[PDB]
There are 2 protein chains.
Amino acid sequence: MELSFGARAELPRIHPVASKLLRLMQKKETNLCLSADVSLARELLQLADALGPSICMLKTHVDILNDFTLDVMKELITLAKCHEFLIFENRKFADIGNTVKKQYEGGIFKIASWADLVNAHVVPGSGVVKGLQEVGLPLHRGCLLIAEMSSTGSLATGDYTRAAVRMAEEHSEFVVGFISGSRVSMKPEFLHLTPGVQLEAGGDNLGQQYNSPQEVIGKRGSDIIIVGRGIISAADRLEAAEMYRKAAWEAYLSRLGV
Amino acid sequence: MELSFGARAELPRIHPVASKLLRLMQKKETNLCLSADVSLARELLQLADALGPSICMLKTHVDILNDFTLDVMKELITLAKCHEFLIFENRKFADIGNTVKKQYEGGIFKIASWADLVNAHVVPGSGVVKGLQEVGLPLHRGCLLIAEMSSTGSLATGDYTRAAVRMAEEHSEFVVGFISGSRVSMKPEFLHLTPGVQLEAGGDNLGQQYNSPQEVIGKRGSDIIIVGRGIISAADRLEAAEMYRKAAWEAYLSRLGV
Ligand SMILES: O=C(O)c1cc(=O)[nH]c(=O)n1[C@@H]1O[C@H](COP(=O)(O)O)[C@@H](O)[C@H]1O
Ligand SMILES: O=C(O)c1cc(=O)[nH]c(=O)n1[C@@H]1O[C@H](COP(=O)(O)O)[C@@H](O)[C@H]1O
Ligand code: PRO
Ligand code: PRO
């Protein structure tokens with residue numbers, strides 16, 4: 001009784017941000033999130049415009065954007081609205097609740113003003129979520145909890161992962177899902193986003209480990225692949241994005257069955 | 001055979017940043033780190049100038065500084081040099097190694113250019129440290145690993161804490177110690193910095209829990225207290241800093257004994 005993305009978008013307990021995401025995933029036949037860790041606004045915008053039709057989501061890295069301004073983010077929003085994708089900021093919110101709220105709302109970046117989605121580590125306990133929610137729930141935002149990590153020696157295993165799932169399911173007005181390597185919640189209202197994805201086997205020199213779209217979506221039951229270097233380092237980024245999109249989409253269809 | 005801060009500064013395996021810190025702690029009779037989560041550069045600078053003599057370290061929050069510029073940090077460095085304290089940025093580095101290095105070096109904040117110390121969560125595995133080190137070791141910097149957290153529901157316990165200690169002791173060319181609630185390493189070359197500290201019992205509304213300087217330094221064996229609201233919210237911040245300094249310093253002396 002596994003439901004399509006379009007049907008999950010209508011579930012009673014679905015979060016509005018998750019519903020918007022699931023609907024556009026179904027409409028566009030894409031479950032690909034591009035991770036755009038680029039230092040130049042022009043490259044970010046040119047990637048978002050050219051690859052926008054191929055992605056359901058753009059993971060931004062504003063901490064590395066040398067020429068960040070809030071106007072760059074206004075232009076990115078225009079592309080996200082045009083092409084229909086969500087903006088997910090990479091910043092790892094991972095402080096006590098009191099401090100995280102100011103990190104999310106304030107400073108020069110004003111992340112909550114333009115990010116549809118943010119992610120948090122659960123290591124501080126549920127106060128990290130409660131603090132983020134005091135800013136994000138009024139701003140109609142969603143959050144992902146990092147329940148598992150792709151890198152060698154990850155401590156996000158076992159009881160840590162279970163605590164992330166419990167924290168999500170108790171803050172469902174704000175938490176829309178997980179960064180994980182596999183399905184970790186049995187509740188279909190939650191999204192599963194999986195980084196550490198390439199078409200070819202391997203890793204990097206600093207602990208990254210890759211699995212394929214077919215493995216992560218098809219066998220491990222995740223919903224969305226997050227891909228950085230497998231696209232960003234390719235010569236033709238559009239073609240690369242299409243290969244990842246078609247891989248992740250067909251893996252989803254085949255797991256759904258008739 | 002517990003050694004004074006000044007003797008620890010001379011240990012064979014001491015990191016140069018730790019040695020500088022330990023020497024100034026001994027010289028100034030201060031084991032207080034002020035956490036300055038303020039939104040205005042003028043307030044940050046006025047606090048750093050007035051409280052500089054009373055602290056061994058200033059924990060900055062540049063993600064919330066509304067009027068951040070690199071020149072503000074140049075002025076902060078001038079105060080840190082004058083009054084003799086280290087600058088410790090709060091940003092929770094907690095990504096895979098490849099991504100964390102750009103977060104530390106780049107963007108608008110260029111954290112590695114002005115921060116003596118940074119902190120990392122160990123949840124990604126040791127690649128987080130290896131990535132930070134590829135920027136910080138050439139820049140002569142130090143790192144603290146978050147081995148325990150002060151907040152309710154913290155998952156930084158048990159085997160997680162042990163993994164942080166192992167990661168520190170295998171990256172001693174760069175890791176100078178821990179954010180922890182107590183002594184977690186038996187090796188005296190490592191610093192222990194403890195947040196969640198107030199003179200009075202209690203907590204906040206978002207999971208923070210407080211213990212006193214006497215408890216954390218004297219009974220739990222930590223080296224340095226990190227204090228935010230207990231100073232920042234007081235009317236006379238200088239007096240408050242002196243009360244925290246005298247509390248933490250005497251607790252250290254009494255544990256050292258004859
Ligand atoms: O924050 C994440 O999405 C993340 C979590 C995790 O466990 N692993 C992981 O690789 N990521 C991110 O996903 C991206 C992966 O990049 P590539 O290895 O270049 O595809 C980077 O932005 C990482 O920060
Ligand atoms: O990053 C930290 O220093 C930190 C770790 C931890 O376990 N607990 C903790 O409170 N902190 C930080 O220490 C400061 C504590 O602030 P106050 O509760 O206002 O004293 C904040 O900047 C927190 O981000
Ligand atoms: O392992 C490697 O080095 C290359 C890059 C990731 C996939 N294959
Ligand atoms: O618990 C409280 O609310 C106050 C503030 C921290 C110490 N006492």
Side-chain angles (χ1 to χ4, degrees), chain A residues 32-38 57-64 88-94 98 117-121 143-157 160-161 164 177-182 184 191-213 216 222 224-234 237 240-241 244, chain B residues 92-103 121 123-125 127-128 131 150 152 196-212 227-234 240:
Chain A
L32 171 64
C33 175
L34 174 65
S35 177
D37 63 320
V38 301
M57 190 179 299
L58 179 69
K59 165 163 274 203
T60 55
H61 299 253
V62 298
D63 290 315
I64 71 169
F88 171 21
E89 172 44 49
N90 188 60
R91 172 75 69 76
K92 300 293 188 293
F93 289 102
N98 178 60
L117 292 169
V118 289
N119 58 197
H121 283 299
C143 188
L144 300 164
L145 300 186
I146 299 163
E148 297 179 324
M149 290 192 76
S150 61
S151 42
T152 298
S154 172
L155 305 170
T157 61
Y160 187 106
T161 306
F178 306 96
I179 296 287
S180 57
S182 59
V184 295
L191 305 157
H192 297 95
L193 287 69
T194 300
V197 174
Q198 282 213 8
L199 293 181
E200 298 286 2
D204 78 6
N205 60 320
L206 287 170
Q208 177 66 303
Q209 305 178 106
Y210 292 118
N211 287 98
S212 68
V216 312
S222 192
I224 290 161
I225 59 170
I226 295 169
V227 178
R229 277 167 287 184
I231 297 160
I232 297 293
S233 297
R237 271 89 77 96
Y244 277 98
Chain B
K92 300 293 188 293
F93 289 102
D95 262 73
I96 69 170
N98 178 60
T99 309
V100 83
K101 66 180 169 31
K102 317 183 184 187
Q103 296 167 356
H121 283 299
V123 65
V128 68
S150 61
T152 298
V197 174
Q198 282 213 8
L199 293 181
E200 298 286 2
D204 78 6
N205 60 320
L206 287 170
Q208 177 66 303
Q209 305 178 106
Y210 292 118
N211 287 98
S212 68
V227 178
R229 277 167 287 184
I231 297 160
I232 297 293
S233 297

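Read the numbers this way: they start at 1 and go in the same order the structure lists the ligands and their atoms. Every chain is numbered from 1 and lettered A, B, ... according to where its sequence line falls, protein lines coming before strand lines.
Contact check for A/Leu199 versus A/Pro213: side-chain heavy atoms found under the 4.5 Å cut-off. Within the 4.5 Å cutoff, the side chain of B/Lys92 has no heavy atoms near those of the A/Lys92 side chain. Proximity of A/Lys59 to A/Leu193: side-chain heavy atoms (C-beta onward) are nowhere separated by under 4.5 Å. When side chains are defined from C-beta on, A/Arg91 does not count as touching A/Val118, because their heavy atoms never get closer than 4.5 Å.
Taking both residues in full, the closest heavy atoms of A/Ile231 and A/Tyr244 are given as CG1-CD1, 3.7 Å, listed atom of the first, atom of the second, then distance.
Atom-to-atom distance recorded for A/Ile146:CD1 and A/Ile179:CD1 is 6.0 Å, nearest 0.5 angstrom. Taking CG of A/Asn90 as the reference point, atom CG of A/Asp63 lies at 8.0 Å (rounded to 0.5 Å). Atoms CD1 and CG, on A/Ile226 and A/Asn119 in that order, are 8.0 Å from each other to the nearest 0.5 Å.
Ligand-side atoms of ligand 1 in range of A/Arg229: 17 (P), 18 (O), 19 (O), 20 (O), range being under 4.0 angstrom from any heavy atom. The atoms of ligand 1 that sit less than 4.0 Å from any heavy atom of A/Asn119 are 1 (O). Listed by atom number, the atoms of ligand 1 under 4.0 Å from B/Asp95 heavy atoms are 24 (O). Per-residue contacts place A/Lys92 under 4.0 angstrom from the following atoms of ligand 1 (heavy atoms of the residue considered): 1 (O), 2 (C). Close approach of ligand 1 to A/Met149 (heavy-atom distance below 4.0 Å) involves ligand atoms 6 (C), 7 (O).
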Q: Quick one: do A/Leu34 and A/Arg237 satisfy side-chain contact (heavy atoms from CB on, under 4.5 Å)? Show the steps, please.
A: CA-CA 10 Å; A/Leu34 174 65; A/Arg237 271 89 77 96; over 6 Å; no

Q. Run the side-chain contact (heavy atoms from CB on, under 4.5 Å) check on B/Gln198 and B/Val227 step by step: do they pass?
A. CA-CA 7 Å; B/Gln198 282 213 8; B/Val227 178; 5.6 Å; no

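What sits closest to atom 3 (O) of ligand 1 on the protein, heavy atoms only, is A/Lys59 NZ, 2.8 Å. Ranking protein heavy atoms by distance to atom 20 (O) of ligand 1, first place goes to A/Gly228 N, 2.9 Å. Counting protein heavy atoms only, atom 14 (C) of ligand 1 is closest to A/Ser35 OG, 3.9 Å. Nearest protein neighbour of atom 5 (C) of ligand 1, counting heavy atoms only, is A/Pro195 CG, 3.5 Å. For atom 18 (O) of ligand 1, the nearest non-hydrogen atom of the protein is A/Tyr210 OH, 2.7 Å. Closest to atom 21 (C) of ligand 1 among all protein heavy atoms lies B/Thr99 OG1, 3.7 Å.
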Tabulated below should be the N or O atoms of ligand 4 paired with protein N or O atoms at under 3.5 Å; can you produce that?
residue, atom, partner, partner atom, Å
ligand 4, 1 (O), B/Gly203, N, 3.1
ligand 4, 1 (O), B/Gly203, O, 3.3
ligand 4, 3 (O), B/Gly203, O, 3.4
ligand 4, 8 (N), B/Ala201, O, 3.1

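Within the 4.0 Å heavy-atom shell around ligand 1 one does not find A/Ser151. Ligand 1 lies within reach of A/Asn90, whose nearest heavy atom is under 4.0 Å from it.
In this model, a donor atom of one side chain and an acceptor atom of the other lie less than 3.5 Å apart for A/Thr60 and A/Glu89. The closest side-chain donor-acceptor pair between A/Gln208 and B/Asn98, if any, does not fall under 3.5 angstrom.
The residue A/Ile232 has no part lying near ligand 1, judged by heavy-atom distances below 4.0 Å. Heavy atoms of A/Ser150 found under 4.0 angstrom from ligand 1 belong to the backbone as well as the side chain.
Relative ring orientation between A/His192 and A/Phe178 is described as parallel, the plane-to-plane angle staying below 30° on a 0-90° scale split at 30° and 60°.
The heavy atom nearest to atom 15 (C) of ligand 1, considering only A/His61, B/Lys102, A/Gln208, is found in A/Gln208.
In terms of modelled atom types and a separation under 3.5 Å, the side chain of A/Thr194 and the main chain of A/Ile225 share no donor-acceptor contact.
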